[PDB]
Amino acid sequence: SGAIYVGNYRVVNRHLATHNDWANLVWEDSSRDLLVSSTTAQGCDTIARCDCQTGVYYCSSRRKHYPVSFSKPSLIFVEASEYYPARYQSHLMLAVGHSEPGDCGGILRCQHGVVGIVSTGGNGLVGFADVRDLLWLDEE
Ligand SMILES: CSc1ccccc1CC(=O)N1CCO[C@H](C(N)=O)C1
Ligand SMILES: [Zn+2]
C-alpha cells in the first residue's frame, strides 16, 4: 500500500483505490494502474520532472529502501492477476529488485522528487508506474 500526496491530489494504484477515492475522482487510467483523487488537505510531495534512470524505492515486504537502475516508461505485458486480465500496461518502468503484491504504492524517488509508485513485480523484478509526465499534478 502507499500513496503520493501533491497539492490537493492523492495518487494511488488504481487496483488499490478505496471506496472514498472513487467518490472523489479527478482522473484514472486502467492501462497505467493509476487513480488520482482530490484531498481536503494540501500534500507535500514534489513530483520529479526529469529523465533520471537511477533512484531509491521503498520495499514494504523488507522494511527497506533500495537503490535501483530502472528502464524508461514503456508498454509492458503484465500477466493476469485478481485485479486485471492479461494486458499491456503503459508508462511502466522495470528494475531488478525484490517486490511482492503488498508492495504496490511504495514510492520511487530520484534527486528531483517522486518518479512513481510500485505497480508490478515478480521473478526478482519490480515495476513502477511513472507519474513524471502528469504535469497537471503541479497545478490547480
Ligand atoms: C509488486 S506487485 C507483485 C510482486 C510480485 C509478484 C506479483 C505481483 C503482483 C502484480 O504484479 N500485479 C498484481 C496487481 O496488479 C498489478 C498491475 N499493475 O497490473 C500486477
Ligand atoms: Zn530525476
# chains A, B, ... in the order shown; residues from 1 in each chain; ligands from 1
call {"tool": "residues_near_ligand", "arguments": {"ligand": "ligand 2", "cutoff": "8 Å", "atoms": "only C-alpha atoms and all ligand atoms", "output": "mmCIF file with N, CA, C and O atoms, in the first residue's frame"}}
result
data_model
loop_
_atom_site.group_PDB
_atom_site.id
_atom_site.type_symbol
_atom_site.label_atom_id
_atom_site.label_comp_id
_atom_site.auth_asym_id
_atom_site.auth_seq_id
_atom_site.Cartn_x
_atom_site.Cartn_y
_atom_site.Cartn_z
ATOM 1 N N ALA A 48 9.013 14.627 -9.625
ATOM 2 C CA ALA A 48 10.225 14.854 -10.410
ATOM 3 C C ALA A 48 9.850 15.223 -11.859
ATOM 4 O O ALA A 48 8.876 14.697 -12.396
ATOM 5 N N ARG A 49 10.607 16.120 -12.485
ATOM 6 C CA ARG A 49 10.370 16.481 -13.887
ATOM 7 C C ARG A 49 11.731 16.350 -14.507
ATOM 8 O O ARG A 49 12.480 17.327 -14.578
ATOM 9 N N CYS A 50 12.061 15.118 -14.921
ATOM 10 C CA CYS A 50 13.400 14.721 -15.343
ATOM 11 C C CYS A 50 13.348 13.424 -16.193
ATOM 12 O O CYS A 50 12.289 12.797 -16.321
ATOM 13 N N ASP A 51 14.542 12.938 -16.645
ATOM 14 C CA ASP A 51 14.616 11.623 -17.307
ATOM 15 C C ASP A 51 15.633 10.696 -16.572
ATOM 16 O O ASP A 51 16.261 9.831 -17.211
ATOM 17 N N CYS A 52 15.784 10.878 -15.222
ATOM 18 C CA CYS A 52 16.612 10.015 -14.357
ATOM 19 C C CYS A 52 16.246 8.530 -14.588
ATOM 20 O O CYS A 52 15.070 8.189 -14.750
ATOM 21 N N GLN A 53 17.251 7.669 -14.599
ATOM 22 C CA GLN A 53 17.037 6.226 -14.683
ATOM 23 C C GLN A 53 17.646 5.487 -13.463
ATOM 24 O O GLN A 53 17.894 4.286 -13.551
ATOM 25 N N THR A 54 18.015 6.238 -12.391
ATOM 26 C CA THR A 54 18.523 5.731 -11.130
ATOM 27 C C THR A 54 17.768 6.469 -10.032
ATOM 28 O O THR A 54 17.386 7.657 -10.170
ATOM 29 N N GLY A 55 17.504 5.733 -8.967
ATOM 30 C CA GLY A 55 16.709 6.240 -7.853
ATOM 31 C C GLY A 55 16.700 5.293 -6.667
ATOM 32 O O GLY A 55 17.549 4.417 -6.588
ATOM 33 N N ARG A 109 11.971 7.333 -5.925
ATOM 34 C CA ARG A 109 12.424 8.743 -5.914
ATOM 35 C C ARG A 109 13.851 8.908 -6.455
ATOM 36 O O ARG A 109 14.646 7.980 -6.314
ATOM 37 N N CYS A 110 14.108 10.050 -7.099
ATOM 38 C CA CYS A 110 15.431 10.405 -7.592
ATOM 39 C C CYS A 110 15.783 11.754 -6.853
ATOM 40 O O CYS A 110 14.996 12.264 -6.038
ATOM 41 N N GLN A 111 16.905 12.382 -7.227
ATOM 42 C CA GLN A 111 17.284 13.693 -6.674
ATOM 43 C C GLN A 111 16.273 14.835 -6.951
ATOM 44 O O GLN A 111 16.370 15.859 -6.301
ATOM 45 N N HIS A 112 15.321 14.665 -7.884
ATOM 46 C CA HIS A 112 14.346 15.701 -8.224
ATOM 47 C C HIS A 112 12.964 15.543 -7.576
ATOM 48 O O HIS A 112 12.132 16.457 -7.664
ATOM 49 N N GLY A 113 12.718 14.390 -6.954
ATOM 50 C CA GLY A 113 11.453 14.137 -6.285
ATOM 51 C C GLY A 113 10.888 12.760 -6.575
ATOM 52 O O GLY A 113 11.634 11.812 -6.846
ATOM 53 N N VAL A 115 9.259 9.916 -8.658
ATOM 54 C CA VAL A 115 9.282 9.413 -10.030
ATOM 55 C C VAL A 115 7.994 8.605 -10.302
ATOM 56 O O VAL A 115 7.385 8.703 -11.377
#
call {"tool": "residues_near_ligand", "arguments": {"ligand": "ligand 1", "cutoff": "10 Å", "atoms": "only C-alpha atoms and all ligand atoms", "output": "compact mmCIF listing (two decimals) with C-alpha atoms, in the first residue's frame"}}
result
# COMPACT_ATOMS: atom_id res chain seq x y z
CA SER A 1 0.00 0.00 0.00
CA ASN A 13 -2.57 2.27 -7.65
CA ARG A 14 -5.98 2.07 -9.36
CA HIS A 15 -6.36 -1.58 -8.22
CA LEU A 16 -5.96 -0.47 -4.57
CA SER A 30 -6.69 1.33 -16.09
CA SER A 31 -3.93 0.88 -18.74
CA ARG A 32 -1.49 2.71 -16.32
CA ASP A 33 -2.85 1.20 -12.98
CA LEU A 34 -3.24 4.87 -11.76
CA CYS A 59 10.00 -2.06 -0.24
CA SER A 60 7.42 -2.74 2.49
CA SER A 61 7.99 -6.59 2.37
CA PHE A 77 2.99 -7.09 -20.91
CA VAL A 78 1.67 -7.80 -17.40
CA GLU A 79 0.41 -11.34 -16.56
CA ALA A 80 -3.26 -11.84 -15.49
CA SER A 81 -4.00 -11.34 -11.74
CA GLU A 82 -7.09 -10.99 -9.46
CA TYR A 83 -7.14 -7.23 -10.43
CA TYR A 84 -6.69 -7.24 -14.23
CA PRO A 85 -6.83 -9.76 -17.08
CA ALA A 86 -3.56 -10.32 -19.06
CA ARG A 87 -2.79 -6.96 -20.73
CA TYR A 88 -0.18 -4.32 -21.73
CA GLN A 89 0.38 -1.69 -19.08
CA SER A 90 1.71 1.67 -20.41
CA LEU A 92 5.76 1.18 -16.82
CA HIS A 98 12.58 -7.52 -4.67
CA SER A 99 8.81 -6.94 -4.65
CA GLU A 100 5.63 -8.86 -3.54
CA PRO A 101 1.92 -7.83 -4.21
CA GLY A 102 1.56 -5.88 -0.92
CA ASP A 103 4.50 -3.70 -2.09
CA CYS A 104 2.37 -1.64 -4.60
CA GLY A 105 2.16 2.01 -3.51
CA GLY A 106 5.82 2.21 -2.41
CA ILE A 117 4.97 4.11 -7.36
CA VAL A 118 5.42 0.29 -7.27
CA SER A 119 2.77 -1.23 -9.54
CA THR A 120 4.07 -4.63 -10.79
CA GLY A 121 6.68 -7.32 -9.88
CA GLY A 122 7.65 -10.97 -9.81
CA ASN A 123 10.72 -13.09 -10.66
CA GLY A 124 13.20 -10.75 -8.91
CA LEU A 125 11.85 -7.71 -10.77
CA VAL A 126 9.83 -4.66 -9.66
CA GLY A 127 7.79 -2.38 -11.94
CA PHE A 128 6.92 1.30 -11.26
CA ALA A 129 4.05 3.35 -12.74
call {"tool": "closest_residue", "arguments": {"among": "A:108, A:137, A:56, A:131", "to": "residue 7 (chain A)", "atoms": "only C-alpha atoms"}}
result
A:137
call {"tool": "closest_residue", "arguments": {"among": "A:69, A:114, A:62, A:43", "to": "residue 10 (chain A)", "atoms": "only C-alpha atoms"}}
result
A:43
call {"tool": "residues_around", "arguments": {"residues": "residue 12 (chain A)", "least_positions_apart": "5", "cutoff": "7 Å", "atoms": "only C-alpha atoms", "output": "PDB file with N, CA, C and O atoms, in the first residue's frame"}}
result
ATOM      1  N   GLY A   2       0.283   2.419  -0.317  1.00  0.00           N
ATOM      2  CA  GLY A   2       1.010   3.678  -0.354  1.00  0.00           C
ATOM      3  C   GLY A   2       0.427   4.662  -1.345  1.00  0.00           C
ATOM      4  O   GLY A   2      -0.196   4.266  -2.338  1.00  0.00           O
ATOM      5  N   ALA A   3       0.661   5.957  -1.102  1.00  0.00           N
ATOM      6  CA  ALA A   3       0.135   6.997  -1.988  1.00  0.00           C
ATOM      7  C   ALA A   3       1.070   8.202  -2.106  1.00  0.00           C
ATOM      8  O   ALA A   3       1.902   8.426  -1.221  1.00  0.00           O
ATOM      9  N   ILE A   4       0.932   8.991  -3.187  1.00  0.00           N
ATOM     10  CA  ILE A   4       1.680  10.245  -3.378  1.00  0.00           C
ATOM     11  C   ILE A   4       0.721  11.387  -2.984  1.00  0.00           C
ATOM     12  O   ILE A   4      -0.436  11.370  -3.408  1.00  0.00           O
ATOM     13  N   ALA A  17      -7.464   1.451  -5.099  1.00  0.00           N
ATOM     14  CA  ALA A  17      -8.263   2.634  -4.774  1.00  0.00           C
ATOM     15  C   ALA A  17      -9.439   2.258  -3.842  1.00  0.00           C
ATOM     16  O   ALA A  17     -10.169   1.312  -4.123  1.00  0.00           O
ATOM     17  N   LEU A  34      -3.273   3.646 -12.593  1.00  0.00           N
ATOM     18  CA  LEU A  34      -3.235   4.866 -11.764  1.00  0.00           C
ATOM     19  C   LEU A  34      -4.637   5.430 -11.496  1.00  0.00           C
ATOM     20  O   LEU A  34      -5.522   5.338 -12.343  1.00  0.00           O
ATOM     21  N   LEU A  35      -4.797   6.053 -10.339  1.00  0.00           N
ATOM     22  CA  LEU A  35      -6.015   6.747  -9.941  1.00  0.00           C
ATOM     23  C   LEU A  35      -5.588   7.952  -9.104  1.00  0.00           C
ATOM     24  O   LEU A  35      -4.675   7.848  -8.278  1.00  0.00           O
ATOM     25  N   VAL A  36      -6.201   9.108  -9.367  1.00  0.00           N
ATOM     26  CA  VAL A  36      -5.922  10.338  -8.635  1.00  0.00           C
ATOM     27  C   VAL A  36      -7.251  10.803  -8.020  1.00  0.00           C
ATOM     28  O   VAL A  36      -8.277  10.838  -8.710  1.00  0.00           O
ATOM     29  N   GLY A 105       2.362   0.784  -4.270  1.00  0.00           N
ATOM     30  CA  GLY A 105       2.161   2.006  -3.512  1.00  0.00           C
ATOM     31  C   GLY A 105       3.463   2.581  -2.992  1.00  0.00           C
ATOM     32  O   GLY A 105       3.540   3.794  -2.765  1.00  0.00           O
TER      33      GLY A 105
END
call {"tool": "select_by_dssp", "arguments": {"residues": "chain A", "states": "strand (DSSP E)", "output": "JSON, numbers by chain"}}
result
{"A": [4, 5, 6, 7, 8, 9, 10, 11, 12, 13, 25, 26, 27, 28, 29, 34, 35, 36, 37, 38, 39, 40, 41, 42, 43, 44, 54, 55, 56, 57, 58, 59, 64, 65, 66, 67, 68, 69, 74, 75, 76, 77, 78, 87, 88, 89, 90, 91, 92, 93, 94, 95, 96, 107, 108, 109, 110, 113, 114, 115, 116, 117, 118, 119, 120, 121, 125, 126, 127, 128, 129, 130]}
call {"tool": "atom_distance", "arguments": {"atom1": "CA of residue 68 (chain A)", "atom2": "CA of residue 96 (chain A)"}}
result
7.3 Å
call {"tool": "atom_distance", "arguments": {"atom1": "CA of residue 72 (chain A)", "atom2": "CA of residue 135 (chain A)"}}
result
17.3 Å
call {"tool": "atom_distance", "arguments": {"atom1": "CA of residue 8 (chain A)", "atom2": "CA of residue 42 (chain A)"}}
result
5.0 Å
call {"tool": "select_by_dssp", "arguments": {"residues": "region 16-98 of chain A", "states": "alpha helix (DSSP H)", "output": "PyMOL selection string"}}
result
chain A and resi 19-22
call {"tool": "closest_residue", "arguments": {"among": "A:65, A:58, A:40, A:116", "to": "residue 11 (chain A)", "atoms": "only C-alpha atoms"}}
result
A:116
